[PDB]
Structure formats: structure tokens, C-alpha cells
2 protein chains.
Amino acid sequence: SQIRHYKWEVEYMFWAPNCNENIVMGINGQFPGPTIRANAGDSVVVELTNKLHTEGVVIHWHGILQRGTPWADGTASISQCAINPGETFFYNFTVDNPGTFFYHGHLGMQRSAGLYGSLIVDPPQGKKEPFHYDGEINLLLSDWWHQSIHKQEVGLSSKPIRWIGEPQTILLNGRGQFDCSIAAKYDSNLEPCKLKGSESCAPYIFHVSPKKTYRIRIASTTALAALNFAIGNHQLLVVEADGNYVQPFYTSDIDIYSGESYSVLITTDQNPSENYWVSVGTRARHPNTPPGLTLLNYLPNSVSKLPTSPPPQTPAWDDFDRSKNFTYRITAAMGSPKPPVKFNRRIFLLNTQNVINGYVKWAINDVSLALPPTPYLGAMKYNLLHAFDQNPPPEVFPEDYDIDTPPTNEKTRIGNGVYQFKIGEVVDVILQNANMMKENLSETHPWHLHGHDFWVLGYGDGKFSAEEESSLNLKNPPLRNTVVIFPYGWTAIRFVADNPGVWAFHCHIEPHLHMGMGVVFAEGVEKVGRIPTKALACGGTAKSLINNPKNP
Amino acid sequence: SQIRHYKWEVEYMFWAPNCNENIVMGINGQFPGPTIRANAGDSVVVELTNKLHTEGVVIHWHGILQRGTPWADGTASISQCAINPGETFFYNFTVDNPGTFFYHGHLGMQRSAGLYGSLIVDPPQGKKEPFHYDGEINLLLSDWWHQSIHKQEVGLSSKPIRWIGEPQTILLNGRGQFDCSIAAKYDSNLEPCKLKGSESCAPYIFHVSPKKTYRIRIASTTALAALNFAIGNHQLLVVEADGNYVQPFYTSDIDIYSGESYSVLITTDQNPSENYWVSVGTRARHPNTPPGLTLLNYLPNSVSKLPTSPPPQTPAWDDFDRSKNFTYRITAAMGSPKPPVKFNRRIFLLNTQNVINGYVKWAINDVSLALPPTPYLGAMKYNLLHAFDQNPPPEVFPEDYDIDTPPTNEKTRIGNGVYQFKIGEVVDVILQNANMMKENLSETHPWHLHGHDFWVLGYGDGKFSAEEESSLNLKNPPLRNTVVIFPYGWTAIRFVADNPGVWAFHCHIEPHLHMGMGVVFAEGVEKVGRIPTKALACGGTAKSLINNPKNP
Ligand SMILES: *[C@@H]1O[C@H](CO)[C@@H](O)[C@H](O)[C@H]1NC(C)=O
Ligand SMILES: *[C@@H]1O[C@H](CO)[C@@H](O)[C@H](O)[C@H]1NC(C)=O
Ligand SMILES: [Cu+2]
Ligand SMILES: [Cu+2]
Ligand SMILES: [Cu+2]
């Protein structure tokens, strides 16, 4: 096992992701940030200096379990106090298992401004992957707004709310095109982009040789968009989902929601004299954004040799039946860990959009999360019982709640209590979707749990009821970190609370998390060891720990 | 009989349709134009003074037949030379029959710049309409882009074409809202408009008293948009269409294409304690323009009192079956003129989108119309055989043409020939739609005939064949001046060549007309009397009528 050491500075810079200049949050002058790659078993050490002028910052490693290092999770106000300007924090953690992961900002809406990058983990040195491939292509998907994130943050916190709107561009490895299309030769209404390929917004072309097999690692850090990925004329075979192996299956395209990572295999068994289209189209919301496009360039053909066909037409945004047909087909690879069969706790969380005191907020069992200035992990290790609400948050919603109609908002509160588990508890979480404030509307929401992987026991329509117990999958369920709830539906997951620390479980659409959509889980905090001083040096933790008497 | 005399000037002026300033082409300092209201059989005299600085102007009176006065049709290069800066021209014509008509610019793309207004002809002095209502409401629908018309015109003439795009705002009597909605109440994702009622973009409210019946006259002069009109909780009785009366029927909403006019009657039956929404939304093209909205305000309710329901959602833009369902009902009122049973001429017109010398043009049986600088009416009266092509234009297309494939463009040319008819011929026209340049696309095209009304004999899908004859409605066919062809279909119409003149028959979507989609019909030109000298004063007619010898 090696120690992989990175030394990084976060700083804003001018950049033009879609050839339109704005400021982006860069790491060591790069947008997207540098790739961390390691082998399972290695220690990763990142010393990060903050060089934003007035802003704190933190970096979360999405999908890394942080087992034994809960202080390195990178979530402001839950694992640590943010890192102040001009200061340096060390994130030292181990990578336990292979898979496609990524890292991103977790303080405010800093991740929509560009703070993200890939973190890939390979098998232990000497071991090999269960499947063979010749080459690898890595792809990080995100979305881009031309508006400042500091104005987006303010507009989402105003009465009337000012929603961020659909993004302007879909970004493939940090690049995209606004107001022109690289596939404009198939439709005279489209404006041709003039690009020699040397520009910051020039497509990242996938180069493949004939008759080979390639692993395409795909990860999503979209702030809002749900995407559909298809290459013209090529079957995709799914082999990996969120750092875990799934039972292989072919599909013509995959849907990917923010927080998910997949690895697909392709074989370049097509006509070798032409190049093919890669389309990343928006679904689950009425599209207002052009698709992200690039070429699968069969070498030696000139990359300017355009495909004979158009890009694959993206599937209808609202055909949720086609989306469930994909999602329900995902099962654990033969030989994967099977769940505990009985649970020790089952919690029900109702997801609603609400209007609290004029403000539109998202609530979970009528509590919209407002994170405290004291980091929960420090607060609970030092038993600071005034830092947040000690009263246990609701583990059930009312059976007279009608999920087909707008909230009444009669009892909706903002809060910051923590669900607490005992070390070793098996927990089931049933996520229940409902109608939003507008009549006859319910949306998809990706939910991601920090510091754990869970088994996806099942999905259903309407409200979960006891009749649905026998449909939950206990033989084959997939292990994931991100899961979706569909319009008016439920999704059930199970996990063992075996990892000491305080972990966020939240919706991965960033405006939703900004508006309160997430909860806090804590387990076995009695067993957490020493926390770095910098993760404690704010709020009530620094108040009790800094000895500064008076008269003494 | 009575003469209605108007003293008018057209000048560009600064104005803000949707509260965003731009320049608008206004008449006597106002946008939209002044309404002309007269009774059938009166004589309208308009002395227009062109107050533009470097441009010519013409006004066309859409729907009026120009029976006896072909020189006042107001089509530059067809009935007249355009009126030069600082000059005054007289348009004197007879309004023959009651109905809802309008007038609009007909030189270049000047109508999209705001040059249009209403022309309502009431029954003969002392006669009554064949139905009863207590009031009427006049609505003129149009659409508005934020880019210059002169930059739009250069973009459609460029190689590569810059398509003008979907309109920014739908206007209801010249007002509309952009980036905000007066119906923001029902949706947190919409922005409220901050209007007091006094503004240039504040909605024209429809004031009604309860338990009364009204005639809402609706006309379309849109450059591009096909719209659908609907009133919350109110069914519509269709009683007039294009100045003619139809067999009455009920409907929840009407589709209106550019160039069409309708009168619909409503009765204020509904609950008198509230207001109801008027919604005019986009159909037949994928929408990317919010609907135009206003209120049916039941007096004495406050106009600030919103409806309980959202606006009616516009029917799906691409449900062409629902569209045909409405379109195919329209039948002439009993008592209307039946068509000649036998025809004397039948022409077949293939509507295609082509690429001529790298330019994207529209064409009819492979000729894209380029209008000459000599006005056709003057050229043909004075028998100037060198002013245009005297070869008859193509009257049939190849029956082997695949209307489901992009055009090859092989023989597609630009030209300016004229179809000539004998004074009295009963002419049949089958308009045939086909696939455009993009694979798998055909669009709707509103066709308008000048100086005539025609009977709509029928519509069908695919290619017209002779075996189609028994479906043609010779019994009840509506009398209209505009008719749509649907994607991949034909429409057949019949009219009588009985009005001496040169008349345009074109697509009423202004960009397509700019791109060549239209043809010219001339009949009985040797029966035309004296043409006004200003209408002759350009091109070949000026050259051949100004006596200016040399040596003298
Ligand atoms: C993190 O790693 C660095 C380098 O090995 C070390 O100096 C530092 O003390 C470590 N801190 C923690 C909290 O492990
Ligand atoms: C048009 O009508 C006006 C007013 O009667 C008259 O002065 C003018 O000469 C007429 N011109 C034509 C061409 O009829
Ligand atoms: Cu759409
Ligand atoms: Cu969400
Ligand atoms: Cu057209």
C-alpha cells in the first residue's frame, strides 16, 4: 500500500467552460481539479491550503467511507469547522475498495462553482479487475450556469424565491458549448461553432482503436440535471455502480442522477471508417439545455470526419416508466454481500416542498434542516448539549397525510436535531415522495448517504404500506451510496450503523440541500478518537475548549 | 355607402411591447395601428404618408378582395412600387362584406416590426348580424422578437443561415410580458411581474358583466407562431371565420394560425364572484415562449383578484390529431355559396425546404420566388415582356417524389414566373407538404390567397391520389382566405379566377415568405383600369413610361 500525497490550493480564477468567461473555483489552477488515483489499501493525504479571500472551504470525498477518520469527511458544520482563508488542513484517509468516485465542495453551493474532480481507486496491487478491457476513458458530468453562485445562493433565500432555472450548459470533463452546436450540420436552425479544438470549450474527444474493449467510467456531480448517456451504434454493458459491481446487462443508454458513478464497457466492433456521437441529454425535467456532445473517434480517422447520423435523440424527459425499467434492472453481482434479514430500526421520511414563513423550503417530516455554527461531530464528542437540539427528530410522518395534494404547511418548522443510532444497528430508511406546492407535481430526488453504502431493497409507487413488505429484495439488492425516488413513489434502503461519526444523508440536488433537504445521522460517537484542532476551532467547540477565564 | 377617410403616417418610434424598449413601426404615433371600422359597401380612403427615412413602405389589407382596385392590394413588386420616403399614396377600396379583418406590412419583413392593426367591417347600414350578443371584444394576436428585423433579415439571407428562433413574447393587442408572469402565484419557479396597470406591457383586460353574451373577434398576424386560445371555465361557440360565417359549434379552445380570423361568442354563465384566465399558448412547434395571458374580469370584481385555478394548459404542441379534429369540423353556414361542381384547372404545389447555392430556401415545385423590381401589375398592363420570366411555372411535381425524404435539391432554382388564369376559370389547388431538409421533419404552413376567398374542399394525409375525389366536400365547404397544410399531408381548395389583377398566394409565416415560399397568380390583367402613377414609378415601368430621349 502506498501513501499518495497531494498538495492543493483552492482559489478562484477566470475560466470559460463553455467559451463564455466567468470565474470558476480552481485547484492548483485547474478546472476540473486534479485526479486522485490510488489502489485499494492506500492512504491518501491531501494538504489543502485555502486561498479564497473571505470564504471558508471544505472538500468532501464522495463515496469514501471515512472509516476511523470521520473528521475527514469534508462537510462543513457536520464533520468539521470550515477551513479559514490562508490556512492549511490535512485530509488523511484510506481508500478501501475500487470504483469510480469523485470529490466536490460541501460548504454552501461551492460545488456548483466548479470545485469538483475525480478520485479513482484500482484493485489492490497485484489483483485484477473481474472484467477485461484494453483502455479506459474517464468522464465527469456537471452543469453550468452563467449566473454567479453568490447571486444564486441569495435568490434561493429571498421572498419571493428566485429559482436558478435550468442550466445553460452540460459540461463533459469541464467543457461544453453555449449558443452553437458541434452537430449543427444536421439542422439548419443550429448555429455552427467555430473551434479549432484548442479552446477551453473544445470537446474532450474519446479516441479508440478498432476491435478493442474500453472501460468508460462515468460520474455525475450535476447540481440539478439528471442525464442520459448514449454513444451512437454501441451497446453499453454495465459492470459497476457507485464503487460496487452489479450483475452485467446491456443497454442502449444509461440514466445517471447526481451522485452516481457507473462503469460501462464498450467494444469497438463497428464500421472503422467513421466516427460516432456521444450524447448526454437531460431527463426528469422539461429540458431547456442543449445536450452535451463529443465524438467517439475511431483512430486513424480525422476527428473532423463527422458521423453519418445525427446524435442519438434523448429519450422523452417524462417517461418515468422507461426510467424505472432501467433502474429496477440493477442487482448485486453474484457473490456480493447480502443484507441482514431483520432490521432493528425502520424510519419513514416524507419529502415535501414547503413555504415556511414566506420562504419556499424543502422539509423532511416537516423539518427543514438549518445547520448549526458548531460542527456536530465535535459537539457530540465533547457532549455540548446546548449547541443543537437534543430532542429526537420525527421517525414517521402521519397516516392521514395525503401525498397527492399540496402541503397545508400548518406545522412546518426549521430544525437541526440529529437521528441517533447505536453502533451495530440495522436501519431501514423508507423515502416517501409526495406532491410539491404546485398542483399535480412531484419530482425525482437523488439521496446520498455519507460514510456508508446501503442495499437498495426496492421501489414502488404511491405510499409505502405493509402490503409492500414482501416485494423488498433481500437476495440480490445493489450496494450504492446514491438512490432516486420517482414522482409520488417510495424507495427502501437498509444499512448497518457500524461507522463511528456524524454523517449527512441528503438530496444531491444542490438547490434542495441549500433549502433544507437533508438530515443528520450519528452513531457510536463515544468511539470517535482525536479530532484535528482545526476541525474544532469555531462555534461552541472552540468556546468550551479555549481556556480563556476571566477574574481568575 | 359612406366614405371613410384616414390621414395616416408610418414612422419608427421607440416603444416597449413587453416592457423592454426597442423600435416599433407605429402609425400616427401608436402601436398597434388604429382600427378601421366601417360598414359593408362603404369606401375606405387612406392617404398614407411614408415618414421613414431610407425605406419604402406598403400596407396590405388582409382579407379585403380589391374587387375593382388591384393597385391597392399593397404588395410591393406585385400590385405596386413601394411608397418612397416623404411621399403620400392613396389606398381607396370598397369593403364588400362584414367580418373581422386586419391590415399588415407587406414589404420585406416590416410587419414583424409592428406594422399591423384591425379592420372591422360591420353589416350594411341598417341590417343585423345573424346571431345576438350584447358586446364584443377585439383581440389581435402577434409575436415579438428582441433582435432587430433588419438583423433578422440579414441572418436569413446569410450563408450559413441564422434562424431567427422562437419568439420572445406573445402579444395580445400589442402587450405581453417577458421574464416574469402575471400568473406567478401558481408556481414558485415563475417570477412575479411588478406592474401597476399603467404600463405599455400591462395586459389588456376583458371587462364583462355577468349573464351577458359577447362576440370576441380574434385575428392573427404572427410572423411565426401558431397559437391556441382558451378561456377558463368558458366554452366557445364558433360563429365566424375569415369574414364568412360557419356552421356554429362548441369548443373548449381554438387553434389559430397566422392570417386566420375568427369570432367566437361567450356567455358569462359562470360564478360572478371571480375572474377567469385568458390563455394564448404555442402549438405546432416545440414551445419556448410563455403564453400570453390576460383576465376575463367579471365586473364589479377587482382586477387584482386572481382566479382560483392556474391558466389552462395549452394542448400538447405536437398532437396533430387534436388539431385536425378541430380544423376538419369547420363547415360553411347553411345559406353559404356552394362551389362550382366542376373545375376548369387543377394545379399541384409541392412545398419543400431546399439548399440553393448554399442558401436555405423554401420552394414550390422547385422554384423559390425572387420578386422583380418591376411591379407585376404594371409590367403586365403595359406588356413589358422583359420584366419577368414569361415561361409558365411548373404546374405538377414528379409523382415519383418521395415526400418522406429530404430533398436532393438537384434541379431546385430561383425564379419569378407567373401562373396566368382566364377570367372565369374555376381553379383547384392541391397543396402538398413534404419532408424538410432535416430528416423526419415536416411543419404546418398557413397559405393565404390575396384578392379572393376559396372553398376548402378537404385535407388528407400523405400524397394526394386521384382516387381521393369522393372525400372532397362539394356540399358544405368553408369560405376562407387562409388554410393550413399539416405535416406530410395535402389540402385542396377551389376559387374562381374572376378578379382582374396579379395576386400573391403565399405562406403566411413571414420568414418562409422572405425565403421564397409563395407563388404569384394573375388573371384578366387586360381588364385593369388606370393604375396610380406612384404605383408605376419604378423599375421597367418607369423606364418605359418616362419619355426621356437622347440628342434631344
Ligand atoms: C495527516 O498526515 C500528515 C502527513 O503524514 C501528518 O503530518 C498529519 O499529522 C496527519 N494528521 C492526521 C489528523 O492524521
Ligand atoms: C383616392 O381617394 C381620394 C379621396 O376621394 C382622391 O382624392 C384620390 O384622387 C383617389 N385616388 C385614386 C387612385 O382613386
Ligand atoms: Cu420542451
Ligand atoms: Cu431534492
Ligand atoms: Cu411556410
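Here is what the cut-offs are and how they apply
- For every chain, the first residue of the written sequence is numbered 1 and the count continues from 1 onward along that sequence, whatever numbering the entry uses; residues with no coordinates are hidden.
- A letter from A marks each chain and a number from 1 marks each ligand, given out in the order of writing.
- With hydrogens and water stripped out, all remaining heavy atoms of the structure feed into the side-chain values.
- Secondary structure elements follow DSSP: runs of H or I no shorter than four residues count as helices, runs of E no shorter than two count as strands, and numbering proceeds from the N terminus.
- Radius of gyration: C-alpha atoms only; globule rule: 2.2 Å multiplied by the number of residues to the exponent 0.38.
- Accessible surface area values rest on a Shrake-Rupley calculation with a 1.4 Å probe, where residue burial reflects the displayed protein chains alone.
- Counted charges follow a simple rule, with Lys and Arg positive, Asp and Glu negative, and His plus the chain ends left uncounted.
- By convention, the charge on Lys lies at NZ, on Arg at CZ, on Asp at CG and on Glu at CD.
- Any nitrogen, oxygen or sulfur atom within 2.8 Å of a metal ion counts as a donor, with the limit raised to 3.2 Å for Na, K and Ca, and since water is left out, coordination shells can look unfinished.
- For every residue, the accessible area (1.4 Å probe, protein chains only) is compared with the maximum for its type, and the residue is labelled buried under 20%, exposed over 50%, or partly exposed between those bounds.
- The copies are aligned by least squares, using only their C-alpha atoms.
- Contact between two residues is taken to exist if any of their heavy atoms lie within 4.5 Å; hydrogens are not considered.
- Criterion for a disulfide: a pair of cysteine sulfur atoms within 2.5 Å.
- As annotated, the domain borders come from an automatic or database domain assignment.
- When two components associate, each loses some accessible surface as probed by a 1.4 Å sphere; the sum of these losses over both components is called the buried area.
- In the sections that follow, a salt bridge refers to a side-chain nitrogen of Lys or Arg positioned within 4 Å of a carboxyl oxygen of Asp or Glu.
- Under the scheme applied, nonpolar residues are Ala, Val, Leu, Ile, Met, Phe, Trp, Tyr, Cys and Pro; charged residues are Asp, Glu, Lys and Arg; polar residues are all the others, including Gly.
- Whether a residue is near a molecule or strand depends on its heavy atoms: it is near if one of them lies within 4 Å of it.
- UniProt positions are given in the numbering used here, feature names are shortened, and annotations may be inferred rather than shown by experiment.
- Pairs of N or O atoms are called polar contacts if they sit within 3.5 Å, as long as, within protein, a hydrogen donor faces a hydrogen acceptor (for residues adjacent in sequence, only side-chain-to-side-chain pairs).
- Here, the term nonpolar core denotes a set of buried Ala, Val, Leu, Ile, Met, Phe, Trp, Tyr and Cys residues that are joined through side-chain atoms within 4.5 Å.
- Pairing between strands is defined by DSSP: at least two bridges between them are needed.
- Axis lines are fitted through C-alpha atoms, for helices just across the contact stretch, and the angle between N-to-C directions can take any value from 0 to 180 degrees.
- By definition, the arc is the one covered by directions from the helix axis to the C-beta atoms.

Structure determination for this entry, per the PDB record, employed X-ray crystallography and reached 1.9 Å resolution.

With respect to the overall build of chain A
Of regular secondary structure, chain A possesses six helices and 32 strands. A compact globule built from 552 residues would reach a C-alpha radius of gyration of about 24 Å, and chain A, at 23 Å, matches this within 12%. Along the three orthogonal principal directions, the C-alpha set of chain A runs to about 80 × 55 × 55 Å. Taken as a whole, chain A presents about 22,200 Å² of accessible surface, with 51% of it coming from carbon and sulfur. Averaging the coordinates of the 44 positive side-chain charges in chain A and doing the same for the 51 negative ones gives two points 5 Å apart.

Some remarks on the coordination of the copper ion (ligand 5)
Residue and element names in this part refer to chain B. Coordination of the copper ion (ligand 5) by the protein is provided by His445 (ND1), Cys507 (SG) and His512 (ND1), with metal-donor distances spanning 2.0 to 2.1 Å. Considered as a linear motif, the donors of the copper ion (ligand 5) on their single chain read H-x61-C-x4-H. Each of the two residues, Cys507 as well as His512, counts as buried.

Let's talk about the relation of the copies chain A and chain B
Two chain copies, one operation linking them: a rotation about an axis together with a shift along it. In screw terms, the move from chain A to chain B is a rotation of 180° and a rise of 0.1 Å along the axis, fitting with an RMSD of 0.3 Å. Look at the turn and shift together and you get a two-fold axis relating the two. Considering only C-alpha atoms, the residue of chain A closest to the rotation axis is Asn288(A), which sits at 4.2 Å. Of all interface residues in chain A, 75% are interface residues in chain B too; the two copies therefore contact each other through one and the same surface.

Section: the state of the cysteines
Residue and element names in this part refer to chain A. Counted under the stated rule, the structure contains six disulfides over all chains. Sulfur-sulfur distance for the disulfide between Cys19 and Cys201 comes to 2.0 Å. Where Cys19 bonds to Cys201 through sulfur, the torsion about that S-S bond is close to -85°, and the disulfide is left-handed. Taken as a pair, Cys19 in the loop between strand 1 (3-15) and strand 2 (22-27) and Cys201 in the loop between strand 10 (169-172) and strand 11 (206-208) lie far apart in primary sequence, 182 residues in all. Judged by relative accessible area, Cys19 falls into the partly exposed class, the value being 38%. Ordering the disulfide-forming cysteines of chain A by sequence position, one finds them joined as 1-5, 2-6, 3-4.

As for the domain arrangement of chain A
All names here are of chain A. Taken domain by domain, chain A comprises domain 1 (1-130), domain 2 (131-336) and domain 3 (337-552). The interface of domain 1 with domain 3 comprises 26 residues on the first partner and 37 residues on the second. Note on domain 1 versus domain 3: buried area summed over both sides is about 2,400 Å², and carbon and sulfur give 61% of it. It is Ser77, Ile78 and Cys81 in domain 1 that bury the most area against domain 3; as a group they hold 26% of the surface buried on that side. Summed over the shared surface of domain 1 and domain 3, the result is three salt bridges. A salt bridge links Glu87 to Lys534; the shortest N-O distance between them is 3.4 Å.

Quick look at the interface of chain A and chain B
One frequently used descriptor of interface size is the decrease in accessible area upon assembly of the parts. Contact with chain A, which involves 16 residues of that partner, is made by 14 residues of chain B. Of the roughly 1,300 Å² buried where chain A meets chain B, counting both sides, 44% is carbon and sulfur surface. If you sort the residues of chain A by the area they bury against chain B, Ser188(A), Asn189(A) and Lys438(A) come out on top, with a joint share of 33%. Where chain A touches chain B, the interface holds three salt bridges. For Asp187(A), the salt bridge is made with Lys438(B), and the minimal N-O distance between the two is 3.5 Å. Grouping the amino acids of the side of chain A that touches chain B by side-chain chemistry returns six nonpolar, five polar and five charged.

Overview of the site of ligand 2
All names here are of chain B. By nearness alone, every residue bordering ligand 2 is listed as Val45, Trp71, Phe90, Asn92 and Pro532. Isolated, ligand 2 exposes 360 Å² of accessible area, and the fraction of that covered by the protein chains is 48%. Class assignment for the residues of the shell around ligand 2 results in four nonpolar, one polar and no charged.

Regarding the UniProt feature "binding site: Cu cation 1" in chain A
Residues and elements named next belong to chain A. UniProt records the feature "binding site: Cu cation 1" for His60 and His448 in the present numbering. Considering the C-alpha atoms alone, the annotated residues occupy 389 residues of sequence yet fold into one spot, their largest mutual distance being 12.6 Å. Note on placement: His60 falls in strand 5 (residues 59-62). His60 gets classed as buried once you look at its relative accessible area, which sits at 1%. Each residue touching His60, except ones within four places of it in the same chain, is listed here: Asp73, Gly74, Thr75, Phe102, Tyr103, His104, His106, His448 and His450. A distance of 2.7 Å separates the side chain of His60 from the backbone oxygen of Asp73, its partner in a polar contact. Turning to its location among the elements, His448 is positioned in strand 26 (residues 445-449). Given a relative accessible area of 1%, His448 falls into the buried group. Those residues in contact with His448, other than ones at most four positions away along the chain, are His60, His62, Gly63, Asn481, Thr482, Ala504, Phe505, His506 and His508.

Quick word on the nonpolar core
Proteins that are soluble and globular tend to have nonpolar side chains buried together. One finds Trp8(A), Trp61(A), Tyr91(A) and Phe505(A) to be the most contacted residues of the largest nonpolar core, which totals 92 residues. Excluding anything up to four places from it in sequence, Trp8(A) contacts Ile27(A), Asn28(A), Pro34(A), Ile36(A), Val46(A), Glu47(A), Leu48(A), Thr49(A), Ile59(A), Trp61(A) and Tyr103(A). By size, the runner-up hydrophobic cluster in this structure holds 91 residues, among which are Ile78(B), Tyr376(B), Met380(B) and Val429(B).

A short note on the sheet that holds strand 9 (residues 135-144) of chain B
All names here are of chain B. A sheet is described by the order of its strands in space; here six strands give the open sequence 10-9-12-17-14-15, paired in mixed fashion. What marks the edges here is a single partner per strand, and that holds for strand 10 (169-172) and strand 15 (244-251). Ignoring strand direction, the axes of neighbouring strands in this sheet form an average angle of 25°. Inspection of the sheet shows strand 14 (residues 236-241) paired to strand 17 (residues 261-267) by four bridges, in the antiparallel sense. In the strand pairing of strand 17, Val238 is matched with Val264.

Things to note about the coordination of the copper ion (ligand 4)
All names here are of chain A. For the copper ion (ligand 4), the full set of protein donor atoms is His445 (ND1), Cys507 (SG) and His512 (ND1), and the range of their distances to it is 2.1 Å. Going along the chain, you hit the donors of the copper ion (ligand 4) in the pattern H-x61-C-x4-H. Taken together, the residues span a long stretch of sequence, with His445 in strand 26 and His512 in helix 4 (residues 510-514) at a distance of 67 residues. In this pair, the class of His445 matches that of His512, namely buried.

Examining the site of ligand 1
Residues and elements named next belong to chain A. All residues in the neighbourhood of ligand 1 are listed as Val45, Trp71, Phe90, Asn92 and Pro532. Contact between ligand 1 and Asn92: an oxygen atom at 2.4 Å from a side-chain N or O atom of the residue. Out of a free accessible area of 360 Å², ligand 1 has 44% covered by protein chains. Its residues assigned to classes, the shell around ligand 1 shows four nonpolar, one polar and no charged.

Some words on the pattern of salt bridges
All names here are of chain A. Applying the stated rule across the entire model yields 51 salt bridges over all chains. The salt bridge involving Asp134 is made with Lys212; its shortest N-O contact spans 4.0 Å. Residue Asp134 is found in the loop between strand 8 (116-122) and strand 9 (135-144), and its partner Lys212 is found in the loop between strand 11 and strand 12 (213-220); the two are separated by 78 residues along the sequence. A residue is classified by how much of its surface remains accessible, and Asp134, at 44% relative accessible area, is partly exposed.

Considering the environment of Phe102(B)
The residue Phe102(B) is located in strand 7 (residues 99-105) in this model. Residues contacting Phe102(B), with those up to four places away along its chain left out, are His60(B), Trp61(B), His62(B), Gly117(B), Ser118(B), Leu119(B), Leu140(B), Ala219(B), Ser220(B), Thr221(B), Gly259(B) and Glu260(B).

Some points on the sheet that holds strand 26 (residues 445-449) of chain B
Residues and elements named next belong to chain B. The strand order across the open sheet built from five strands is 24-32-31-26-29, with neighbouring strands paired in mixed fashion. Because the sheet does not close on itself, it has two edges, and the strands there are strand 24 (419-421) and strand 29 (482-485). Averaged over all pairs of adjacent strands, the angle between their axes in this sheet comes to 25°, without regard to strand direction. Relative to strand 32 (residues 518-523), strand 24 is paired through three bridges, and the arrangement is parallel. Opposite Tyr419, over in strand 32, you have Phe521 as the bridge partner.

Some remarks on helix 2 (residues 320-329) of chain B
An α-helix turns once every 3.6 residues. As a result, residues three or four positions apart point the same way. Residue and element names in this part refer to chain B. Of the residues making up helix 2, those classed as buried are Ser323, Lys324, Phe326 and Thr327. End-on view of helix 2: buried residues confined to an arc of 165°, all on one side of the axis. Turned more than 90 degrees away from the buried face of helix 2, the exposed residues are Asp321 and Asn325. Elements that come into contact with the buried residues of helix 2 comprise strand 15, strand 16 (254-256), strand 17, strand 18 (276-283) and strand 27 (454-461).

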